[PDB]
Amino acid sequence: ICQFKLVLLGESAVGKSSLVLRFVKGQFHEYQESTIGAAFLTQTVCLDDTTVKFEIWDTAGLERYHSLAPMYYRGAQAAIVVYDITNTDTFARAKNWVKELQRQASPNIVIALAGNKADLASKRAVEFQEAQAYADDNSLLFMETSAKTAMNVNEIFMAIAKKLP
């Protein structure tokens, strides 16, 4: 039985909570509350005879209060940095979050980059090619995801579970 704190980071409204709720609760909503606070969810996945138990922390308010972020990712063994593929600024912001984790999070943290809202590719602003090369250059797990269609949601968390010590 392995236990790992997993956190999500990214600009407001990229779909951090939606990804958690799809993975944990098999739910998606076009409306999602964004009220300041934190939720502690748990999700256990299995790999052979190994039980990977995620402690999933999801928070609202780190966009308003960026300097409080260290309180949130401290002790995190995994992080999902999320951007919205239809918003170039969220991708730039994701890169900042990745940089911060590299400088300030545990040195062995597993970081995945999630190109979210992939179901909205009609308005794509971030090319997968570019994000892929970025992730490769930084040794990041990377997938495009959708909380709405669940595309790659199971995949991204299983990949994290596999990459963890």
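Numbering starts at 1 and follows the sequence shown.
- When the C-alpha B-factors of 48-56 and 26-34 are averaged, 48-56 comes out higher.
- Across the two stretches, 36-44 and 93-101, the PDB entry reports the greater mean Cα temperature factor for 36-44.
- In the PDB entry, a CA B factor belonging to the middle third of its chain's modelled residues is recorded for residue 129.
- Split the chain's modelled residues into thirds by C-alpha temperature factor. Residue 110 is in the middle one.
- Compared with the other modelled residues of the chain, the Cα B-factor recorded for residue 159 ranks in the middle third.
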